[PDB]
Amino acid sequence: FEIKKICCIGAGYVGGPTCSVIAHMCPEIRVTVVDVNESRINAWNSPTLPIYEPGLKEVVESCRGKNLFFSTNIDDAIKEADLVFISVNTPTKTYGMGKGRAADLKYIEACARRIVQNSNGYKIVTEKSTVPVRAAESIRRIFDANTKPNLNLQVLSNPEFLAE
Amino acid sequence: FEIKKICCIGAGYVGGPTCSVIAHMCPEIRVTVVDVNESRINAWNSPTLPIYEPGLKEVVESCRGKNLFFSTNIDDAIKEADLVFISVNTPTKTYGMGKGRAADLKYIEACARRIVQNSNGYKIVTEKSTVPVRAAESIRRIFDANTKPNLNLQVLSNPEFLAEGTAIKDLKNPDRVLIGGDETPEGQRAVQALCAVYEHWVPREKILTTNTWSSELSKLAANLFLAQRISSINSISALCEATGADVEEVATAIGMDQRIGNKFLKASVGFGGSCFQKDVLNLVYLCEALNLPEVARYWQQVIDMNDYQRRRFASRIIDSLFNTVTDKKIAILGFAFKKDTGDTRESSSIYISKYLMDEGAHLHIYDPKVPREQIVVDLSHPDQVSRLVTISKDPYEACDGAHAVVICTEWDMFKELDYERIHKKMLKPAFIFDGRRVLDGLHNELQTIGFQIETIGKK
Amino acid sequence: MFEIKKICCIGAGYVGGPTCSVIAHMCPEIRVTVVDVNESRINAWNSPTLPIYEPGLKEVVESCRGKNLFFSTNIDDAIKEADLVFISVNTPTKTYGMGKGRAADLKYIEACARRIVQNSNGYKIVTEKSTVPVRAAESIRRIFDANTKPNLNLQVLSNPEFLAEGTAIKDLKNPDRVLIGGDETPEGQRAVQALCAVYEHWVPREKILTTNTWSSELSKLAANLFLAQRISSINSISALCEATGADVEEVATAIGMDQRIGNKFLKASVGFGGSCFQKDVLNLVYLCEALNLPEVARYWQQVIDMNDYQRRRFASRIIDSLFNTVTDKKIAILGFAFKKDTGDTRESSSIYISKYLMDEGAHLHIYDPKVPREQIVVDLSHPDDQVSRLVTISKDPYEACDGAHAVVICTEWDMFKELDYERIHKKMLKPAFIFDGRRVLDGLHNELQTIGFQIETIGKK
Ligand SMILES: O=c1ccn([C@@H]2O[C@H](COP(=O)(O)OP(=O)(O)O[C@H]3OC[C@@H](O)[C@H](O)[C@H]3O)[C@@H](O)[C@H]2O)c(=O)[nH]1
Ligand SMILES: O=c1ccn([C@@H]2O[C@H](COP(=O)(O)OP(=O)(O)O[C@H]3OC[C@@H](O)[C@H](O)[C@H]3O)[C@@H](O)[C@H]2O)c(=O)[nH]1
Ligand SMILES: O=c1ccn([C@@H]2O[C@H](COP(=O)(O)OP(=O)(O)O[C@H]3OC[C@@H](O)[C@H](O)[C@H]3O)[C@@H](O)[C@H]2O)c(=O)[nH]1
Ligand SMILES: O=c1ccn([C@@H]2O[C@H](COP(=O)(O)OP(=O)(O)O[C@H]3OC[C@@H](O)[C@H](O)[C@H]3O)[C@@H](O)[C@H]2O)c(=O)[nH]1
Ligand SMILES: O=c1ccn([C@@H]2O[C@H](COP(=O)(O)OP(=O)(O)O[C@H]3OC[C@@H](O)[C@H](O)[C@H]3O)[C@@H](O)[C@H]2O)c(=O)[nH]1
Ligand SMILES: O=c1ccn([C@@H]2O[C@H](COP(=O)(O)OP(=O)(O)O[C@H]3OC[C@@H](O)[C@H](O)[C@H]3O)[C@@H](O)[C@H]2O)c(=O)[nH]1
Ligand SMILES: [Cl-]
Ligand SMILES: [Cl-]
């Protein structure tokens, strides 16, 4: 199996620069970064990136429009991708059990369900973050319970060691 | 002296059914049930009774208008009665000394004063309730201080042992009748007259007589022994969940010991109802006045364990949903504290709901007999309810698009639901949290459908 | 699939002894051998005077001993020959180390398991039988799994014993239910059914419960808790009755008529004794520590705390009635066994009440119709100088009461209600006190008061 299309749910400090380098180093792979914040997505396609990272401006503009793309169309990007990165934020719970300490997995859970909603065939789903707290288990429990014919989703863990 | 006219102040779960069965068994006795709640009295005289009780409608309509009557005319009912029952509620004090533990005897004191105002001659005043906390004494203090010429009021204690949902069967065939009275010629005459009423359908060997205090203390102890059986088997259920056993199979081995008995050994989310928790709190407060801290902390554990059982069940629900429940639909099946009643007082369904509401869950509650207005008042503080709580018309609307189904009341209809239809419309993974062991024997079918079934005392 | 024709039981005590005697009496075609490391106890089983007092036990043993029932110190051979091996040894509480004073010491059960492996070839069924099975089956299975041999096939079953001392013969002949635990495998099913066939000689099939070994042990643990809790609950009520002017016996009658509660085990007392209940609560508490269940441990801990409180309150009432000074005062202690119709004194409330009185300097004169005199000395000498100065063992109740200030009844021996209390009162010092810790003198208070006694009983003013 060979990965030729990559989607990334989350265009923040992690998913943004990671996919920009992947697209820069893998020119034969189409890299599409998606995000729910349209203002952030527009900035990624603008001459003023939403985050300041030394050298990021040169890497993105070196392949944006060639094999690196930023879009708000989350559904179709997942539909075509062979590898789907999940690089969303997991805030700390503000109430309930674990208030102020436990992470809130509602965004990772929504990404897992939205992947099932727009996936057919074989796909590799990978969670990439700097603080992964039971993320792979949460994604796997959703995929095991929402199965389709000839639907084969794989769950990988690939933490990101980059420092801003 | 023959008791021929009975009046009962209080047309609730105790006084209402009790007087209906008395009038049913004693056709020659006029029984008048009075209450301050006019809408409740009107319901008693309507085809739709204010409380749901199996068989109560058939018993009421067989004698209502003949020798059973319901009225708001408290004064004349007292004046014409030979026997006066006091079956009102005593709420726990919300402030002052004993806040949250002590009972408030203002209603019983108010009844005793109103009885004196409308009484002449000889009457028998009998306190009848499930939690008689120093009731006969307080009635006696008022009568002894408000005397009229030729006014001779006798004070008796007659605790009611019925359980809601089975009140009719309990009243018709009680295990025993407990009557307390003074150890005087007058007290024994009063006690004997009350025994003659029960002898119309209760055998003599099942009628116990004692003094008023020993009567109330026996009732209180009996309630403690009952609640303790539930908390003990619930503590075993936590032990079963942690070690791989089934509390239902363990309760079977325990109950076959005839010294223990096989009753009241059903593990659950926690006991509820107006009797047991209050009874334990009154025991605790009583021991504070008597300086019996060792006795108080002994029985306090019955409440502490019941609260732990409730909290553990709610935590298993929250844990199964990735510790995040915000904007997740959850179905609550059953809101009464037990099946075959509409009463919600101290129901575990209230506490489980509040625990889920504090996590941001959108609750859809169904109960076949509990009215929707009662559920709203229970969940509302004396904002969250308007945002998170929906009252469903049928179980399949509450389970539509839900993450988990939570069974809190052992309604027999819940084991007859179309769970293939529920599973198709639920979000996956679909959880069933059986807090009453009602879906036992259906687990293999529920697992084949695709459910993640979690129950008490079993993994 | 397998039939038991020969039985060995390691442990010839209050559990193993009577149990095998009834089994041998009900199954004349099965050879039953009771073995024990204690030779003096084994010699007593083969004598006209049995080592334990149990009503009806003498008639059962003498009916089949020497025919199909045997007692011996030859543990190894008994094992070799046996189809089925019972393990009915004691498990004392650890006196040091992790779980000091709470956890069970499984060294004897482990030693039995290794001994079994040593003398076993082929197929045998090893069944653990005791009133307090604390993780016993798992410990035996772990030793068997690690010591395999060619053609060796040992099975491990759990079979808790529900008998109560004083009524063991009646309990064993007509049990409320038989509990047998075994692995949910073909091997375990064969072993369970084989043991069921033994009980089916006199126990109806509908009273034989089968499950796995852990659920079996957990059920026995829970059953003993419920029984002990009933005693502590009614004893908590006896404290309320004393403080408010009621009688616990009357309250207990009104409680017991509720068929959901039952009228058994509602007899208030000075406190429960015996080798099972206290031990069971402690084992549950320690088990909850390993399972991280402190709420469950806290809940059942109150059964012990209430029992210790009931004893202290009874001793305090005795000391209080004697001007809070009992130095050089003679006090009669009637009854030292933990219950009537037995000589067993394990955890008897009589020991605790005596030690509270000895701490006041009381001169105790103890009488019990079945407890041997040496056992009382050992019980009170447990860590004697204080026993030598204060303790006297009497041969009759009138000797123990001669010149005493108080009479303390700690055991419900029926003979205590037939004593000549006029003779006792004449030779007692005034005021003469009778402390009924068992309610055995109910109905006699009018007579005893007329004679001139001060009657103080549990659960009444
Ligand atoms: O459901 C969601 C949630 C989040 N997102 C997007 O994910 C992006 C996250 O941006 P952030 O700058 O917060 O993310 P980061 O890349 O810095 O992640 C880092 O910080 C937050 C931690 O919880 C993460 O584990 C860490 O990797 C946002 O643009 C948000 O719109 C979605 O597109 N969908
Ligand atoms: O010597 C130091 C280093 C760092 N710091 C402080 O520690 C904080 C973290 O600095 P980092 O450069 O590690 O910051 P980052 O959060 O970008 O990266 C960190 O989290 C994500 C992980 O993947 C990175 O490996 C980890 O370094 C900064 O506020 C920095 O000022 C010090 O105070 N002293
Ligand atoms: O002053 C008063 C107070 C109360 N009442 C009536 O007494 C009735 C009490 O009925 P409830 O259903 O509340 O009470 P129950 O019959 O269930 O009693 C039970 O629960 C409450 C406990 O405090 C009681 O001790 C117990 O018996 C109410 O209808 C109330 O209107 C009066 O008529 N006058
Ligand atoms: O085995 C059981 C029994 C009961 N329960 C729970 O305990 C609560 C009380 O149930 P009960 O049937 O005792 O109901 P009630 O409260 O109506 O009656 C109780 O209080 C009044 C007394 O006079 C009755 O004798 C007593 O049973 C219910 O929530 C029930 O679900 C269990 O969880 N398990
Ligand atoms: O290694 C050993 C240990 C013990 N034994 C024997 O096992 C017998 C134990 O009998 P006991 O009378 O002490 O005990 P019981 O039969 O009353 O058992 C009861 O009390 C003690 C608890 O730990 C047991 O779990 C309970 O069943 C003793 O006779 C002892 O000699 C052995 O033969 N070998
Ligand atoms: O109503 C009662 C019953 C019992 N007790 C006391 O509780 C203690 C235990 O009495 P039991 O008759 O239960 O005696 P045992 O210890 O022999 O049996 C107990 O432990 C072993 C288990 O197998 C038995 O099922 C259990 O009853 C005695 O000291 C007895 O006096 C009371 O104080 N009141
Ligand atoms: Cl909220
Ligand atoms: Cl001393």
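So that the names make sense, note that chain A is the first sequence line, chain B the second, and so on, each numbered from 1.
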Q) What part of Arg297(B) gets closer than 4.5 Å to chain C, counting heavy atoms only: side chain, backbone, both or neither? A) both

Q | Whether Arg260(C) side chain and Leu226(B) backbone form a donor-acceptor pair below 3.5 Å | A | no

Q: First locate atom CD of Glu294(B), then atom CG of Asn235(C), and finally report the distance between them rounded to the nearest 0.5 Å.
A: 13.5 Å

Q | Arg135(C) CZ: over 12 foreign heavy atoms closer than 6.0 Å | A | no

Q.
Quick check on the interface: out of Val247(B), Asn262(B), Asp304(B), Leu292(B), who has the most heavy-atom pairs with chain C under 4.5 Å?
A. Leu292(B)

Q. For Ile233(B), is it the side chain, the backbone, both or neither that has a heavy atom under 4.5 Å from a heavy atom of chain C?
A. both

Q: Compare all side-chain heavy atoms of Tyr299(C) with those of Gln228(B) and state whether any distance is below 4.5 angstrom.
A: yes

Q: Answer whether the closest heavy-atom distance between the side chains of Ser232(B) and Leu225(C) falls below 4.5 Å.
A: no

(Q) Less than 4.5 Å to any heavy atom of chain C: does that hold for the side chain of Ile260(B), its backbone, both, or neither? (A) both

Q) When only heavy atoms count and the cut-off is under 4.5 Å, which of residues 201-209 of chain B reach chain C? A) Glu205(B), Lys206(B), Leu208(B)

Q.
For the interface with chain B, which of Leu179(C), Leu218(C), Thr244(C), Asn212(C) has the highest count of heavy-atom pairs at distances below 4.5 Å?
A. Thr244(C)

Q. Is the number of heavy atoms from other residues, nucleotides or ligands under 6.0 Å of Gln189(C) CD greater than 12?
A. no

(Q) Check this for me: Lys460(C), atom NZ, are more than 12 non-hydrogen atoms of other residues, nucleotides or ligands nearer than 6.0 Å? (A) no

Q) Which heavy atom in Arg177(C) sits nearest to a heavy atom in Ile254(B), and how many Å separate them? A) NH2-O, 4.0 Å

Q. Shortest non-hydrogen contact from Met306(C) to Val295(B)?
A. CE-CA, 3.9 Å

Q) Among residues 273-280 of chain B, which residues come closer than 4.5 Å to chain C, judged by heavy atom distances? A) none

Q: Return yes when atom CD of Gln258(B) has more than 12 non-hydrogen atoms of other residues, nucleotides or ligands closer than 6.0 Å, and no otherwise.
A: no

Q: Measure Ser216(C) against the heavy atoms of chain B and call it side chain, backbone, both or neither at under 4.5 Å.
A: neither

Q) Would a 4.5 Å heavy-atom cut-off, applied to side chains only, mark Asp258(C) and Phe225(B) as touching? A) no

Q: Tell me, out of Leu286(B), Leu220(B), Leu283(B), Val250(B), who's got the most heavy-atom pairs with chain C below 4.5 Å.
A: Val250(B)

(Q) Is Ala290(C) in contact with chain B via its backbone, its side chain, both, or neither, using a 4.5 Å heavy-atom distance? (A) neither

**Q.** Contact class of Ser231(B) relative to chain C, heavy atoms under 4.5 angstrom
**A.** both

**Q.** Most chain C-contacting option - heavy-atom pairs closer than 4.5 Å, from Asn291(B), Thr252(B), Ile236(B)
**A.** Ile236(B)

Q: Carefully, step by step, assess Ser214(B) and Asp247(C) under the rule side chain to side chain contact (heavy atoms under 4.5 Å, CB included).
A: CA-CA 8 Å; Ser214(B) 180; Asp247(C) 188 348; over 6 Å; no

Q | Validation row: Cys287(B), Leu240(C) side chains within 4.5 angstrom (heavy atoms) | A | yes

